[PDB]
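Novice: Dumping the structure here so I can ask a few things about it.
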Amino acid sequence: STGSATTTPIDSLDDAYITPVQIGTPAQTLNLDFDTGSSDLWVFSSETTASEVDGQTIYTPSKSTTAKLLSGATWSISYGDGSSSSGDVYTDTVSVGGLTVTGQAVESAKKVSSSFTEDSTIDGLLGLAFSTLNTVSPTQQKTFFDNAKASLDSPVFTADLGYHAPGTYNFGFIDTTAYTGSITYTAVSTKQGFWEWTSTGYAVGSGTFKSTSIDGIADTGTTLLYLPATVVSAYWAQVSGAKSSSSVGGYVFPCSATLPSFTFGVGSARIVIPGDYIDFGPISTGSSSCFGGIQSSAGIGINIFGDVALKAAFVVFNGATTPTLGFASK
């Protein structure tokens with residue numbers, strides 16, 4: 001089997017991408033944030049505290065003839081940005097782009113943190129990291145991909161995120177028309193539960209490529225590119241007037257600037273992020289200070305190849321017995 005679904009930016013900055021997901025019978029379609037950095041499929045629901053729902057579409061398990069309470073199961077998650085959610089668990093039929101999994105754990109939120117409530121466009125998350133990170137207790141549950149894998153034509157999914165435009169998540173096949181050149185595959189460590197890999201270096205603009213190992217994770221659920229402070233300083237040094245602002249929370253730059261590209265290495269291959277992809281717009285409405293799309297990871301503990309990096313590439317998440325990642329230009 002295969003599936004293919006369009007993923008759409010939630011706003012004009014590509015802060016996140018939403019993909020429609022059919023849950024239950026009859027289908028309830030919710031727009032979920034596909035997140036290769038986490039492993040829970042959780043949704044706003046009829047159980048979510050009413051004051052914490054503000055415009056999201058909810059899953060109502062009592063209206064699904066295939067929903068079953070997973071007795072005794074609870075979940076609770078905290079994300080790298082400080083947000084969180086928790087609740088109970090149903091199993092139900094879940095379909096993405098024509099690919100159907102029966103008995104998928106659907107984690108129904110009883111509580112969500114304010115950042116979720118305040119984003120009316122995201123109805124939940126669909127985790128695509130390794131199932132070892134799933135938070136369901138006392139019986140850990142499998143991700144949608146893990147449940148689908150054995151049925152897929154090939155045990156892979158691909159992320160093709162658009163710049164200021166829709167893109168595509170495919171399951172079970174590699175669309176050879178969706179990229180240019182060849183796909184370069186690179187090793188993955190699953191020891192932390194992530195799609196963790198090592199970039200071979202970077203370049204700023206038209207500058208020389210610096211060969212250096214940068215371990216990080218491919219994370220579709222993170223907006224920006226978080227790299228070591230040395231790398232990030234080298235980038236922003238090429239933008240007149242750019243500086244790190246402790247009060248804003250990162251590098252800012254004059255909105256009048258033209259940003260240089262940023263290249264990262266995948267083996268001997270190179271992925272070029274155009275400068276425009278690194279502009280996240282005014283820090284507040286009407287400001288002439290703009291927020292940068294490349295930020296330091298120093299306070300995180302891990303480097304994160306988020307959407308800024310991934311949307312410059314066609315990305316293969318190869319879930320074979322020994323997982324690997326593939327990157328192609330497009």
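Naming works like this for the structure tokens: A, B, ... for the chains as they're shown, residue 1 at the start of each chain, ligands 1 onward in shown order.
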Would you list the contacts of region 68-71 of chain A as a list in words, taking every protein, DNA or RNA residue within 12 Å and counting only C-alpha atoms, but skipping same-chain residues closer than 6 positions in sequence?
Specialist: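 Listed by chain and then number, they are residues 24, 25, 60, 61, 62, 87, 88, 89, 90, 91, 92, 93, 102, 103, 104, 105, 106, 107, 108, 136, 137, 138, 139, 140 and 141 of chain A.
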Novice: Tell me which protein, DNA and RNA residues are within 10 Å of residue 244 (chain A), counting only C-alpha atoms, leaving out same-chain ones fewer than 4 positions away, and put them as a PDB file with N, CA and C atoms, in the first residue's frame.
Specialist:
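Just written: around-v8.pdb:
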```pdb
ATOM      1  N   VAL A 232      26.132  29.608  13.740  1.00  0.00           N
ATOM      2  CA  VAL A 232      25.108  30.644  13.664  1.00  0.00           C
ATOM      3  C   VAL A 232      25.732  32.034  13.660  1.00  0.00           C
ATOM      4  N   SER A 233      26.769  32.244  14.471  1.00  0.00           N
ATOM      5  CA  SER A 233      27.471  33.524  14.455  1.00  0.00           C
ATOM      6  C   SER A 233      28.102  33.784  13.094  1.00  0.00           C
ATOM      7  N   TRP A 236      25.228  34.991  10.685  1.00  0.00           N
ATOM      8  CA  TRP A 236      24.670  36.324  10.900  1.00  0.00           C
ATOM      9  C   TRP A 236      25.723  37.418  10.786  1.00  0.00           C
ATOM     10  N   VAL A 248      14.557  39.567  22.744  1.00  0.00           N
ATOM     11  CA  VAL A 248      13.684  38.942  21.756  1.00  0.00           C
ATOM     12  C   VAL A 248      13.784  37.421  21.815  1.00  0.00           C
ATOM     13  N   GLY A 249      14.956  36.887  22.134  1.00  0.00           N
ATOM     14  CA  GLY A 249      15.164  35.462  22.207  1.00  0.00           C
ATOM     15  C   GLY A 249      15.909  34.856  21.043  1.00  0.00           C
ATOM     16  N   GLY A 250      16.758  35.616  20.368  1.00  0.00           N
ATOM     17  CA  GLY A 250      17.566  35.064  19.304  1.00  0.00           C
ATOM     18  C   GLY A 250      18.090  36.163  18.401  1.00  0.00           C
ATOM     19  N   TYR A 251      18.670  35.722  17.298  1.00  0.00           N
ATOM     20  CA  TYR A 251      19.173  36.633  16.284  1.00  0.00           C
ATOM     21  C   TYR A 251      18.030  37.330  15.571  1.00  0.00           C
ATOM     22  N   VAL A 252      18.194  38.639  15.442  1.00  0.00           N
ATOM     23  CA  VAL A 252      17.312  39.514  14.691  1.00  0.00           C
ATOM     24  C   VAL A 252      18.159  40.255  13.669  1.00  0.00           C
ATOM     25  N   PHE A 253      17.496  40.780  12.651  1.00  0.00           N
ATOM     26  CA  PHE A 253      18.220  41.455  11.587  1.00  0.00           C
ATOM     27  C   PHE A 253      17.338  42.542  10.993  1.00  0.00           C
ATOM     28  N   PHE A 291      12.954  38.511  12.566  1.00  0.00           N
ATOM     29  CA  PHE A 291      13.457  37.358  13.305  1.00  0.00           C
ATOM     30  C   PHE A 291      14.140  36.379  12.360  1.00  0.00           C
ATOM     31  N   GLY A 292      15.320  35.927  12.756  1.00  0.00           N
ATOM     32  CA  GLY A 292      16.076  35.021  11.911  1.00  0.00           C
ATOM     33  C   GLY A 292      15.610  33.570  11.981  1.00  0.00           C
ATOM     34  N   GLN A 295      19.099  29.826  14.233  1.00  0.00           N
ATOM     35  CA  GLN A 295      19.264  30.231  15.617  1.00  0.00           C
ATOM     36  C   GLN A 295      20.195  29.249  16.315  1.00  0.00           C
ATOM     37  N   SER A 296      20.758  29.678  17.437  1.00  0.00           N
ATOM     38  CA  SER A 296      21.652  28.823  18.196  1.00  0.00           C
ATOM     39  C   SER A 296      20.910  27.703  18.908  1.00  0.00           C
TER      40      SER A 296
END
```
Novice: Report the distance between CA of residue 84 (chain A) and CA of residue 195 (chain A) in Å, rounded to one decimal place.
Specialist: 21.3 Å
Novice: Can you pull out every residue within 10 Å of region 54-56 of chain A, counting only C-alpha atoms, but drop anything in the same chain fewer than 3 positions away, and send it as a PDB file with N, CA, C and O atoms, in the first residue's frame?
Specialist:
```
ATOM      1  N   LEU A  30      -9.303  15.793  10.777  1.00  0.00           N
ATOM      2  CA  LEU A  30      -8.591  16.770  11.583  1.00  0.00           C
ATOM      3  C   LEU A  30      -7.297  17.128  10.872  1.00  0.00           C
ATOM      4  O   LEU A  30      -6.709  16.308  10.172  1.00  0.00           O
ATOM      5  N   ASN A  31      -6.852  18.366  11.041  1.00  0.00           N
ATOM      6  CA  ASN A  31      -5.633  18.854  10.406  1.00  0.00           C
ATOM      7  C   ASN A  31      -4.501  18.778  11.419  1.00  0.00           C
ATOM      8  O   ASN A  31      -4.473  19.542  12.390  1.00  0.00           O
ATOM      9  N   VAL A  43      -4.872  14.457  19.642  1.00  0.00           N
ATOM     10  CA  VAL A  43      -5.864  15.328  19.030  1.00  0.00           C
ATOM     11  C   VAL A  43      -6.653  16.102  20.069  1.00  0.00           C
ATOM     12  O   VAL A  43      -6.937  15.612  21.169  1.00  0.00           O
ATOM     13  N   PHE A  44      -7.029  17.321  19.691  1.00  0.00           N
ATOM     14  CA  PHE A  44      -8.129  17.987  20.364  1.00  0.00           C
ATOM     15  C   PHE A  44      -9.366  17.107  20.259  1.00  0.00           C
ATOM     16  O   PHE A  44      -9.593  16.450  19.240  1.00  0.00           O
ATOM     17  N   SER A  45     -10.186  17.105  21.305  1.00  0.00           N
ATOM     18  CA  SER A  45     -11.273  16.144  21.357  1.00  0.00           C
ATOM     19  C   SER A  45     -12.458  16.701  22.128  1.00  0.00           C
ATOM     20  O   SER A  45     -12.404  17.775  22.732  1.00  0.00           O
ATOM     21  N   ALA A  50     -13.036  22.688  27.989  1.00  0.00           N
ATOM     22  CA  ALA A  50     -13.705  23.552  27.019  1.00  0.00           C
ATOM     23  C   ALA A  50     -12.988  24.889  26.852  1.00  0.00           C
ATOM     24  O   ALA A  50     -12.867  25.396  25.732  1.00  0.00           O
ATOM     25  N   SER A  51     -12.502  25.475  27.948  1.00  0.00           N
ATOM     26  CA  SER A  51     -11.814  26.756  27.861  1.00  0.00           C
ATOM     27  C   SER A  51     -10.489  26.669  27.121  1.00  0.00           C
ATOM     28  O   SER A  51      -9.910  27.713  26.797  1.00  0.00           O
ATOM     29  N   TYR A  59     -11.959  15.695  17.690  1.00  0.00           N
ATOM     30  CA  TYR A  59     -12.335  14.294  17.548  1.00  0.00           C
ATOM     31  C   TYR A  59     -13.317  13.937  18.655  1.00  0.00           C
ATOM     32  O   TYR A  59     -13.043  14.182  19.832  1.00  0.00           O
ATOM     33  N   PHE A 116      -1.058  25.689  22.263  1.00  0.00           N
ATOM     34  CA  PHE A 116      -1.955  24.916  21.413  1.00  0.00           C
ATOM     35  C   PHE A 116      -3.325  25.576  21.313  1.00  0.00           C
ATOM     36  O   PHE A 116      -3.873  25.716  20.217  1.00  0.00           O
ATOM     37  N   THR A 117      -3.894  25.986  22.448  1.00  0.00           N
ATOM     38  CA  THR A 117      -5.195  26.643  22.422  1.00  0.00           C
ATOM     39  C   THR A 117      -5.186  27.835  21.487  1.00  0.00           C
ATOM     40  O   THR A 117      -6.141  28.054  20.731  1.00  0.00           O
ATOM     41  N   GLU A 118      -4.107  28.612  21.528  1.00  0.00           N
ATOM     42  CA  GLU A 118      -3.997  29.865  20.803  1.00  0.00           C
ATOM     43  C   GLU A 118      -3.769  29.671  19.316  1.00  0.00           C
ATOM     44  O   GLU A 118      -3.849  30.652  18.568  1.00  0.00           O
ATOM     45  N   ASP A 119      -3.507  28.453  18.863  1.00  0.00           N
ATOM     46  CA  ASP A 119      -3.313  28.180  17.447  1.00  0.00           C
ATOM     47  C   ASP A 119      -4.513  27.390  16.945  1.00  0.00           C
ATOM     48  O   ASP A 119      -4.567  26.164  17.070  1.00  0.00           O
ATOM     49  N   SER A 120      -5.463  28.098  16.346  1.00  0.00           N
ATOM     50  CA  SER A 120      -6.699  27.474  15.915  1.00  0.00           C
ATOM     51  C   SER A 120      -6.512  26.561  14.719  1.00  0.00           C
ATOM     52  O   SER A 120      -7.435  25.804  14.414  1.00  0.00           O
ATOM     53  N   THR A 121      -5.370  26.633  14.033  1.00  0.00           N
ATOM     54  CA  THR A 121      -5.168  25.905  12.784  1.00  0.00           C
ATOM     55  C   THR A 121      -4.674  24.478  12.982  1.00  0.00           C
ATOM     56  O   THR A 121      -4.705  23.697  12.029  1.00  0.00           O
ATOM     57  N   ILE A 122      -4.190  24.132  14.167  1.00  0.00           N
ATOM     58  CA  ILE A 122      -3.579  22.831  14.420  1.00  0.00           C
ATOM     59  C   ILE A 122      -4.486  22.051  15.361  1.00  0.00           C
ATOM     60  O   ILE A 122      -4.703  22.459  16.508  1.00  0.00           O
ATOM     61  N   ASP A 123      -5.026  20.929  14.869  1.00  0.00           N
ATOM     62  CA  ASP A 123      -5.977  20.111  15.613  1.00  0.00           C
ATOM     63  C   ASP A 123      -5.303  18.995  16.408  1.00  0.00           C
ATOM     64  O   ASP A 123      -5.994  18.220  17.083  1.00  0.00           O
ATOM     65  N   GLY A 124      -3.984  18.909  16.349  1.00  0.00           N
ATOM     66  CA  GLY A 124      -3.233  17.879  17.037  1.00  0.00           C
ATOM     67  C   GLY A 124      -1.940  17.611  16.290  1.00  0.00           C
ATOM     68  O   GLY A 124      -1.605  18.289  15.317  1.00  0.00           O
TER      69      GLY A 124
END
```
Novice: Would you list the contacts of residue 318 (chain A) as a PDB file with N, CA, C and O atoms, in the first residue's frame, taking every protein, DNA or RNA residue within 12 Å and counting only C-alpha atoms, but skipping same-chain residues closer than 5 positions in sequence?
Specialist:
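Contents of the output file selection.pdb:
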```
ATOM      1  N   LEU A 128       6.098  11.070  14.078  1.00  0.00           N
ATOM      2  CA  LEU A 128       6.778  10.222  13.111  1.00  0.00           C
ATOM      3  C   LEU A 128       8.216   9.917  13.517  1.00  0.00           C
ATOM      4  O   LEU A 128       8.993   9.433  12.684  1.00  0.00           O
ATOM      5  N   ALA A 129       8.590  10.188  14.766  1.00  0.00           N
ATOM      6  CA  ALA A 129       9.853   9.705  15.311  1.00  0.00           C
ATOM      7  C   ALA A 129       9.684   8.241  15.715  1.00  0.00           C
ATOM      8  O   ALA A 129       8.683   7.590  15.400  1.00  0.00           O
ATOM      9  N   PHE A 130      10.655   7.693  16.425  1.00  0.00           N
ATOM     10  CA  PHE A 130      10.618   6.270  16.727  1.00  0.00           C
ATOM     11  C   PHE A 130       9.689   6.000  17.906  1.00  0.00           C
ATOM     12  O   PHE A 130       9.537   6.824  18.818  1.00  0.00           O
ATOM     13  N   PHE A 145       3.264   5.430  11.388  1.00  0.00           N
ATOM     14  CA  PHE A 145       4.201   4.830  10.440  1.00  0.00           C
ATOM     15  C   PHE A 145       4.607   3.432  10.875  1.00  0.00           C
ATOM     16  O   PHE A 145       4.646   2.510  10.057  1.00  0.00           O
ATOM     17  N   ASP A 146       4.895   3.251  12.165  1.00  0.00           N
ATOM     18  CA  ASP A 146       5.265   1.928  12.652  1.00  0.00           C
ATOM     19  C   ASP A 146       4.148   0.924  12.398  1.00  0.00           C
ATOM     20  O   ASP A 146       4.403  -0.209  11.978  1.00  0.00           O
ATOM     21  N   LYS A 149       3.949   0.223   8.502  1.00  0.00           N
ATOM     22  CA  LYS A 149       5.188  -0.072   7.786  1.00  0.00           C
ATOM     23  C   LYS A 149       5.112  -1.393   7.034  1.00  0.00           C
ATOM     24  O   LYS A 149       5.443  -1.466   5.845  1.00  0.00           O
ATOM     25  N   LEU A 152       3.268  -1.303   3.755  1.00  0.00           N
ATOM     26  CA  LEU A 152       3.697  -0.383   2.716  1.00  0.00           C
ATOM     27  C   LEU A 152       4.503  -1.089   1.634  1.00  0.00           C
ATOM     28  O   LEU A 152       5.189  -2.080   1.884  1.00  0.00           O
ATOM     29  N   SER A 154       7.178  -0.023   0.344  1.00  0.00           N
ATOM     30  CA  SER A 154       8.537   0.121   0.827  1.00  0.00           C
ATOM     31  C   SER A 154       8.425   0.809   2.182  1.00  0.00           C
ATOM     32  O   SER A 154       7.548   1.664   2.365  1.00  0.00           O
ATOM     33  N   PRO A 155       9.283   0.456   3.149  1.00  0.00           N
ATOM     34  CA  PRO A 155       9.113   0.957   4.534  1.00  0.00           C
ATOM     35  C   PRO A 155       9.706   2.345   4.726  1.00  0.00           C
ATOM     36  O   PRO A 155      10.661   2.561   5.481  1.00  0.00           O
ATOM     37  N   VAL A 156       9.105   3.314   4.034  1.00  0.00           N
ATOM     38  CA  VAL A 156       9.623   4.670   3.962  1.00  0.00           C
ATOM     39  C   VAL A 156       8.476   5.668   4.000  1.00  0.00           C
ATOM     40  O   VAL A 156       7.340   5.361   3.634  1.00  0.00           O
ATOM     41  N   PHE A 157       8.800   6.888   4.419  1.00  0.00           N
ATOM     42  CA  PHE A 157       7.943   8.031   4.141  1.00  0.00           C
ATOM     43  C   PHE A 157       8.844   9.175   3.711  1.00  0.00           C
ATOM     44  O   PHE A 157      10.041   9.176   3.992  1.00  0.00           O
ATOM     45  N   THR A 158       8.267  10.130   2.983  1.00  0.00           N
ATOM     46  CA  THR A 158       9.027  11.262   2.486  1.00  0.00           C
ATOM     47  C   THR A 158       8.328  12.561   2.854  1.00  0.00           C
ATOM     48  O   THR A 158       7.096  12.634   2.893  1.00  0.00           O
ATOM     49  N   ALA A 159       9.144  13.570   3.149  1.00  0.00           N
ATOM     50  CA  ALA A 159       8.682  14.919   3.432  1.00  0.00           C
ATOM     51  C   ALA A 159       9.178  15.844   2.336  1.00  0.00           C
ATOM     52  O   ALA A 159      10.384  15.947   2.098  1.00  0.00           O
ATOM     53  N   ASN A 170       4.476  11.596   1.514  1.00  0.00           N
ATOM     54  CA  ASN A 170       4.175  10.304   0.912  1.00  0.00           C
ATOM     55  C   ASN A 170       4.591   9.174   1.836  1.00  0.00           C
ATOM     56  O   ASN A 170       5.599   9.263   2.534  1.00  0.00           O
ATOM     57  N   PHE A 171       3.813   8.095   1.810  1.00  0.00           N
ATOM     58  CA  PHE A 171       4.096   6.892   2.585  1.00  0.00           C
ATOM     59  C   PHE A 171       4.210   5.708   1.638  1.00  0.00           C
ATOM     60  O   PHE A 171       3.307   5.464   0.841  1.00  0.00           O
ATOM     61  N   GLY A 172       5.319   4.984   1.723  1.00  0.00           N
ATOM     62  CA  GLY A 172       5.458   3.717   1.039  1.00  0.00           C
ATOM     63  C   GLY A 172       6.105   3.771  -0.318  1.00  0.00           C
ATOM     64  O   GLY A 172       6.278   2.705  -0.924  1.00  0.00           O
ATOM     65  N   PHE A 173       6.483   4.953  -0.806  1.00  0.00           N
ATOM     66  CA  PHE A 173       7.101   5.061  -2.118  1.00  0.00           C
ATOM     67  C   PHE A 173       7.869   6.365  -2.206  1.00  0.00           C
ATOM     68  O   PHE A 173       7.589   7.326  -1.482  1.00  0.00           O
ATOM     69  N   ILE A 174       8.816   6.402  -3.132  1.00  0.00           N
ATOM     70  CA  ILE A 174       9.640   7.576  -3.381  1.00  0.00           C
ATOM     71  C   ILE A 174       9.289   8.099  -4.769  1.00  0.00           C
ATOM     72  O   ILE A 174       9.533   7.423  -5.777  1.00  0.00           O
ATOM     73  N   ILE A 183      19.371  11.214  -4.653  1.00  0.00           N
ATOM     74  CA  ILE A 183      19.164  11.253  -3.213  1.00  0.00           C
ATOM     75  C   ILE A 183      20.434  10.730  -2.564  1.00  0.00           C
ATOM     76  O   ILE A 183      20.908   9.642  -2.911  1.00  0.00           O
ATOM     77  N   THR A 184      20.997  11.496  -1.635  1.00  0.00           N
ATOM     78  CA  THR A 184      22.144  11.056  -0.856  1.00  0.00           C
ATOM     79  C   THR A 184      21.663  10.566   0.500  1.00  0.00           C
ATOM     80  O   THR A 184      21.022  11.316   1.251  1.00  0.00           O
ATOM     81  N   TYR A 185      21.939   9.303   0.791  1.00  0.00           N
ATOM     82  CA  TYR A 185      21.556   8.696   2.047  1.00  0.00           C
ATOM     83  C   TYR A 185      22.691   8.794   3.058  1.00  0.00           C
ATOM     84  O   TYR A 185      23.876   8.765   2.709  1.00  0.00           O
ATOM     85  N   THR A 186      22.305   8.897   4.324  1.00  0.00           N
ATOM     86  CA  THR A 186      23.233   9.103   5.421  1.00  0.00           C
ATOM     87  C   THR A 186      22.737   8.327   6.635  1.00  0.00           C
ATOM     88  O   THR A 186      21.535   8.087   6.799  1.00  0.00           O
ATOM     89  N   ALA A 187      23.677   7.936   7.488  1.00  0.00           N
ATOM     90  CA  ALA A 187      23.363   7.069   8.611  1.00  0.00           C
ATOM     91  C   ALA A 187      22.526   7.785   9.666  1.00  0.00           C
ATOM     92  O   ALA A 187      22.633   8.997   9.871  1.00  0.00           O
ATOM     93  N   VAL A 188      21.707   7.000  10.360  1.00  0.00           N
ATOM     94  CA  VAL A 188      20.837   7.468  11.432  1.00  0.00           C
ATOM     95  C   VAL A 188      21.174   6.726  12.716  1.00  0.00           C
ATOM     96  O   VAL A 188      21.406   5.514  12.700  1.00  0.00           O
ATOM     97  N   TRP A 195      15.274  10.872  14.417  1.00  0.00           N
ATOM     98  CA  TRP A 195      15.966  10.710  13.143  1.00  0.00           C
ATOM     99  C   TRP A 195      17.237  11.552  13.222  1.00  0.00           C
ATOM    100  O   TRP A 195      17.327  12.672  12.711  1.00  0.00           O
ATOM    101  N   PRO A 323      17.531   2.061   9.948  1.00  0.00           N
ATOM    102  CA  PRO A 323      17.019   3.275   9.307  1.00  0.00           C
ATOM    103  C   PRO A 323      18.129   4.156   8.760  1.00  0.00           C
ATOM    104  O   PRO A 323      19.246   4.186   9.283  1.00  0.00           O
ATOM    105  N   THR A 324      17.788   4.904   7.708  1.00  0.00           N
ATOM    106  CA  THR A 324      18.666   5.920   7.151  1.00  0.00           C
ATOM    107  C   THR A 324      17.814   7.113   6.741  1.00  0.00           C
ATOM    108  O   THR A 324      16.585   7.049   6.730  1.00  0.00           O
ATOM    109  N   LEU A 325      18.485   8.235   6.469  1.00  0.00           N
ATOM    110  CA  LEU A 325      17.848   9.426   5.933  1.00  0.00           C
ATOM    111  C   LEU A 325      18.418   9.696   4.554  1.00  0.00           C
ATOM    112  O   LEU A 325      19.608   9.487   4.316  1.00  0.00           O
ATOM    113  N   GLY A 326      17.574  10.169   3.659  1.00  0.00           N
ATOM    114  CA  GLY A 326      18.005  10.616   2.343  1.00  0.00           C
ATOM    115  C   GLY A 326      17.632  12.069   2.105  1.00  0.00           C
ATOM    116  O   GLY A 326      16.560  12.512   2.501  1.00  0.00           O
ATOM    117  N   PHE A 327      18.521  12.799   1.436  1.00  0.00           N
ATOM    118  CA  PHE A 327      18.268  14.178   1.052  1.00  0.00           C
ATOM    119  C   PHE A 327      18.565  14.368  -0.423  1.00  0.00           C
ATOM    120  O   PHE A 327      19.628  13.964  -0.900  1.00  0.00           O
TER     121      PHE A 327
END
```
Novice: Here is a test: counting only C-alpha atoms, which residue of A:133, A:239, A:231, A:99 is nearest to residue 190 (chain A)?
Specialist: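 For residue 190 (chain A), the nearest of the candidates is A:133.
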Novice: A:205, A:230, A:109, A:328: which is nearest residue 258 (chain A), counting only C-alpha atoms?
Specialist: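 Smallest separation from residue 258 (chain A) among the options: A:205.
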Novice: Going by DSSP on the backbone, which bits of region 113-241 of chain A are alpha helix (DSSP H)? Write them as JSON, numbers by chain, please.
Specialist: {"A": [114, 115, 116, 117, 144, 145, 146, 147, 148, 229, 230, 231, 232, 233, 234, 235, 236]}
Novice: Which is closer to residue 245 (chain A) than all the others in A:214, A:302, A:290, A:67, using only C-alpha atoms?
Specialist: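 For residue 245 (chain A), the nearest of the given residues is A:290.
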Novice: Quick check, in Å to one decimal: how far apart do CA of residue 17 (chain A) and CA of residue 77 (chain A) lie?
Specialist: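 Going from CA of residue 17 (chain A) over to CA of residue 77 (chain A) covers 20.0 Å.
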Novice: Just the residues within 9 Å of residue 5 (chain A), please, counting only C-alpha atoms, with nothing from its chain fewer than 5 positions along; format it as an NGL selection string.
Specialist: :A and (19-21 or 96-98 or 167-171)
Novice: Do you have the CA of residue 219 (chain A)-CA of residue 15 (chain A) distance handy?
Specialist: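 Interatomic distance here is 13.1 Å.
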Novice: Within 8 Å of residue 329 (chain A), counting only C-alpha atoms, which residues qualify if same-chain residues fewer than 4 places away don't, as a tab-separated table (two decimals) with N, CA and C atoms, in the first residue's frame?
Specialist:
```tsv
chain	number	residue	atom	x	y	z
A	179	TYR	N	12.14	15.44	-7.10
A	179	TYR	CA	13.44	15.99	-6.75
A	179	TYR	C	14.31	16.01	-7.99
A	180	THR	N	15.40	16.76	-7.91
A	180	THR	CA	16.41	16.82	-8.95
A	180	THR	C	17.63	16.04	-8.51
A	181	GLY	N	18.45	15.63	-9.48
A	181	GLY	CA	19.65	14.90	-9.16
A	181	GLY	C	19.35	13.60	-8.46
A	182	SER	N	20.24	13.22	-7.54
A	182	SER	CA	20.13	11.98	-6.81
A	182	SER	C	19.85	12.25	-5.33
A	183	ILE	N	19.37	11.21	-4.65
A	183	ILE	CA	19.16	11.25	-3.21
A	183	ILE	C	20.43	10.73	-2.56
A	271	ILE	N	22.95	20.77	0.30
A	271	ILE	CA	21.60	21.31	0.22
A	271	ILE	C	21.70	22.81	0.49
A	272	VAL	N	21.18	23.61	-0.43
A	272	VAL	CA	21.24	25.06	-0.33
A	272	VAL	C	19.89	25.60	0.15
A	312	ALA	N	14.07	22.96	2.03
A	312	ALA	CA	14.99	23.10	0.91
A	312	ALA	C	15.31	21.77	0.24
A	313	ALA	N	14.76	20.66	0.74
A	313	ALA	CA	15.12	19.34	0.25
A	313	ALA	C	13.89	18.45	0.09
A	314	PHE	N	14.07	17.39	-0.68
A	314	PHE	CA	13.20	16.23	-0.65
A	314	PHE	C	13.85	15.25	0.32
```
Novice: Run DSSP on the backbone and grab whatever in region 56-236 of chain A lands in strand (DSSP E or B); send it over as a PyMOL selection string.
Specialist: chain A and resi 59+68-78+84-96+99-112+124-127+137+156-160+167-171+184-187+189+196-204+210-218+225-227
Novice: Pick from A:241, A:306, A:72, A:127: nearest to residue 222 (chain A), with only C-alpha atoms counted?
Specialist: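 That would be A:306, the residue with the smallest distance to residue 222 (chain A).
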